[PDB]
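Undergrad: Pasting the sequence and an experimental structure:
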Amino acid sequence: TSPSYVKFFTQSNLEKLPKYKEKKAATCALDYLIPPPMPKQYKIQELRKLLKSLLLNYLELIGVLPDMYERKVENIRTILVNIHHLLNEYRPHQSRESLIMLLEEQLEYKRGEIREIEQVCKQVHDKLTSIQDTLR
Amino acid sequence: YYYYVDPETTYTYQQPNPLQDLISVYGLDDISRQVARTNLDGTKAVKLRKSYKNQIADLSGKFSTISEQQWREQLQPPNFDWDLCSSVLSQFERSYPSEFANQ
Amino acid sequence: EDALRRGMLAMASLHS
Amino acid sequence: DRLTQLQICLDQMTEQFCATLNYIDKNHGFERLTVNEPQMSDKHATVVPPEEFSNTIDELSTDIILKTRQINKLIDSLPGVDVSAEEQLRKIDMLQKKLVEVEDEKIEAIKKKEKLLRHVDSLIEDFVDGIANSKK
Amino acid sequence: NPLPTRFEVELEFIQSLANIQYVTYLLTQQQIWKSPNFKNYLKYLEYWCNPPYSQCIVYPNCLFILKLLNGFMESXXXXXXXXXXXXXXXXXXXXXXXX
């Protein structure tokens, strides 16, 4: 259903709201009308390493099979998790980079429009001059 | 690198190594010579009945192939009375019973 | 419709 | 794009880690030991010849290497990341300034082109007045 | 979890407007439209579209759908019937873009 606060939104309370704002600026339904407050190089050098280790574990997992394999698969799990950590470090950085790209594109577009109209105007002027050079 | 030969131990090849002729390792070659489909000479070592007819053939009489585990589930010496049993079996009259084959 | 009954809309619209 | 390719390549690395062992753990061959190799009952054994099995081992062993080289090419093809963020923020601000300036320049160019178009218009009404005062 | 807060209650309620069937259930009523209370509440819930209240909005649709309904209550069954077909055309594309 709908929240209970809706029962405090009558036209009379809306008529009493401005003076309650001016009075409170200097507990009730009019407080229900007031909105609530707001609550209170890099990793690329390691990724390679991790990658190189992953294969090295896979070989082990191949070379075991016996009941020893279990122990090995544990280590493998840890490696994969590490990979995920570094990618987490790539989540916000790439976002900012994307913003950069967008802005640059905007700049280029801006100049392109003007350039188009410019060349058109030039052509027009030349054409008229030609006609002039044929009469006198 | 990390997790690279970290369990420093000689996890040797499994002691019952299948790379070895395990039949010859565990000495199961004699029973193999006894129960295999092919004899050591070369002829077919089959001709074994699907039932235990050879061992009832070691006995004598007609034996049509027709409990024990339940006894194994619930396992000291039983009782017996000699005079009462001898008095019980002392009754069999010489008259023939009903119809049952002597096959 | 599950996040409302499992969140706070059910209880907030039920205690009154 | 650049962030998704890493996750795709990783999931492919795991799917190859499993699929590479799946074929060998299901289809393989026996060994002659010292007497014979093939058993009389080969209904559920589906023994494959050692040629296609060896070639399959080579292919499954090659695909992981190809995908790994693709991972190396991708981590080397990613844009230049930095350990700090003041560079990125600075770039963003600069791009904003360039956007404002190029917008203003666009405005000026549009104005000038408008003026020229007004002039050549003026010429055209001159001609129209000419022929109008002429033929009739 | 402990007792809720009016901020989270109003937040989850305005975020519930992203669902199409829920808005359909809210509009196909007969009691909440007799008195000018639910309309003034929906018009009151327009503070989430402005910062810093917009920093907690997870679904961008619920806000704009709210502005549509507040845009429609100013000026019965038929129009209420009219909106969901169109929004239905819009949904799946975004769903494709999400995951």
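TA: Perfect, I can see it now. Residues are numbered from 1 along each chain as shown, chains lettered A, B, ... in the order given.

Undergrad: Quick check: the closest residue to chain A within chain C vs chain B, distance?
TA: Ranked by CB to the nearest CB, the top residue of chain C for proximity to chain A is residue C:16, at 4.0 Å. For every residue, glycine as well, the C-beta is placed using N, CA and C. Between residue C:16 and chain B the computed distance is 58 Å (CB to the nearest CB, to the nearest Å).

Undergrad: which one is that residue nearest to, not counting chain neighbours?
TA: residue A:4 (4.0 Å; CB to CB, 6 or more residues apart in numbering or on different chains).

Undergrad: Report the contact partners of that neighbour.
TA: C:12, C:13, C:16 (CB atoms under 8 Å, 6 or more residues apart in numbering or on different chains).

Undergrad: May I have the secondary structure class of the spatially most central residue of chain E?
TA: By CA atoms, centre = their mean, chain E has its centre lying nearest to residue E:17, at 3.1 Å. The three-state label given to residue E:17 by DSSP: H, G, I helix; E, B strand; the rest coil is helix.

Undergrad: wouldn't it be in contact with residue E:68 here?
TA: No: using CB atoms under 8 Å as the test, residue E:17 is too far from residue E:68 to be in contact (9.7 Å).

Undergrad: Can you pull the residues of chain E lying near chain C?
TA: E:4, E:8, E:9, E:12, E:13, E:16, E:19, E:21, E:22 (CB under 8 Å from any CB of the partner chain).

Undergrad: Show me those that map onto helices.
TA: In this view, the residues of chain E next to chain C that belong to helices under DSSP state H are E:8, E:9, E:12, E:13, E:21, E:22.

Undergrad: Find the nearest non-adjacent residue to the fifth one, please.
TA: Read that as residue E:21. residue C:1 is the one closest to residue E:21 (CB to CB, 6+ apart), at 7.3 Å.

Undergrad: show me what contacts that neighbour?
TA: Counted by CB under 8 Å, 6+ apart, residue C:1 has contacts E:19, E:21, E:22.

Undergrad: For these, pick the one with the most neighbours.
TA: residue E:19 (17 neighbours; other CB atoms under 10 Å in any protein chain shown).

Undergrad: excluding its backbone neighbours, what's nearest that one?
TA: Closest residue to residue E:19 apart from its sequence neighbours, by CB to CB, 6+ apart: residue C:1 at 7.0 Å.

Undergrad: Let me know the helix or strand that the residue of chain D found nearest chain E is in.
TA: Across chain D, no residue is closer to chain E than residue D:4, which sits at 11.4 Å (CB to the nearest CB). Here residue D:4 sits within helix D:2-26, counting by DSSP states H and E.

Undergrad: all helices of the chain, in order?
TA: Answering for chain A, as no chain was given. For chain A, the helices defined by DSSP H occupy A:11-24, A:29-33, A:44-64, A:69-132.

Undergrad: could you do chain D instead?
TA: D:2-26, D:50-77, D:86-134.

Undergrad: and residue B:34, which of those helices is closest to it?
TA: Across the helices of chain D, the minimum distance to residue B:34, taken as CB to CB, is reached by helix D:50-77, at 33.6 Å.

Undergrad: For chain A, what lies in contact range of chain B?
TA: So chain A meets chain B at A:49, A:52-53, A:56-57, A:64, A:66, A:68, A:71-72, A:75-76, A:78-79 (CB under 8 Å from any CB).

Undergrad: Spell out which parts of chain E neighbour chain A.
TA: Going by CB under 8 Å from any CB, the residues of chain E near chain A are E:5-7, E:9-10, E:13, E:26, E:32, E:35-38, E:40-41, E:44, E:47, E:52-53.

Undergrad: what's the burial count for the residue of chain E found nearest chain C?
TA: The minimum distance from chain E to chain C, using CB to the nearest CB, falls at residue E:4 (3.8 Å). The number of residues packed near residue E:4 is 15, by other CB under 10 Å.

Undergrad: still on that earlier bit, contacts for the helix holding residue D:4?
TA: Against helix D:2-26 from outside (CB under 8 Å, 6+ apart): A:54, A:58, A:62, A:80, A:83, A:87, A:90-91, A:94, D:56-57, D:60-61, D:63-64, D:67-68, D:70-71, D:74-75, D:78-79.

Undergrad: redo that, cut-off 6 Å
TA: By CB atoms under 6 Å, 6 or more residues apart in numbering or on different chains, the residues outside helix D:2-26 that reach it are A:58, A:94, D:60, D:63, D:64, D:67, D:71, D:74, D:78.

Undergrad: now do stretch A:55-75
TA: A:76, A:79, B:3, B:4, B:11, B:14, D:17.

Undergrad: thinking again about what came up before, closest to chain E out of the contacts of residue A:4?
TA: The closest of the contacts of residue A:4 to chain E turns out to be residue C:12 (CB to the nearest CB; 4.5 Å).

Undergrad: residue contacts, residue E:47?
TA: Residue E:47 neighbours (CB under 6 Å, 6+ apart): A:35, E:53.

Undergrad: returning to what we had before: let's have the contacts of residue C:1 in a markdown table, adding distance to residue D:43.
TA: Formatted as a markdown table, the contacts of residue C:1 follow (distance: CB to CB, whole Å):
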| residue | distance to residue D:43 |
| --- | --- |
| E:19 | 56 |
| E:21 | 55 |
| E:22 | 58 |
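
Undergrad: measure residue B:86 to residue B:94 for me?
TA: For residue B:86, the distance to residue B:94 equals 19 Å [CB to CB, to the nearest Å].

Undergrad: scratch that, residue A:107 is what I was asking about
TA: Applying CB to CB to residue A:107 and residue B:94 gives a distance of 129 Å.

Undergrad: what about residue A:53, how many neighbours?
TA: 19.

Undergrad: Can you get me a residue count around the closest residue to it other than its chain neighbours?
TA: Spatial nearest neighbour of residue A:53, excluding adjacent residues (CB to CB, 6+ apart): residue B:1 at 4.6 Å. By other CB under 10 Å, 13 other residues sit near residue B:1.

Undergrad: one step back: need the buried ones from the contacts of residue A:4 selected in PyMOL.
TA: To isolate the buried members of those in PyMOL, using 16 or more other CB atoms under 10 Å in any protein chain shown:
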select buried, chain C and resi 12+13
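
Undergrad: I'd like the contacts of residue A:4 written out as a markdown table, with secondary structure added.
TA: Below are the contacts of residue A:4 laid out as a markdown table (three-state DSSP):
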| residue | secondary structure |
| --- | --- |
| C:12 | helix |
| C:13 | coil |
| C:16 | coil |
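
Undergrad: Quickly name whichever of the contacts of residue A:4 is closest to chain D.
TA: residue C:12 (38.7 Å).

Undergrad: The closest one reaches residue E:8, doesn't it?
TA: No: using CB atoms under 6 Å, residue C:12 is not in contact with residue E:8, being 8.6 Å away.

Undergrad: What sits closest to the most centrally placed residue in chain C if chain neighbours are left out?
TA: Nearest to the mean C-alpha position of chain C, counting by CA atoms, centre = their mean, stands residue C:10 at 1.7 Å. The spatial neighbour of residue C:10 that comes closest, neighbours along the chain excluded (CB to CB, 6+ apart), is residue C:4 at 6.5 Å.

Undergrad: so how many other residues sit close to the one you found?
TA: Residue C:4 is flanked by 18 other residues according to other CB under 10 Å.

Undergrad: swap in residue E:46?
TA: 15.

Undergrad: Tell me the secondary structure at it.
TA: Per three-state DSSP, residue E:46 ends up helix.
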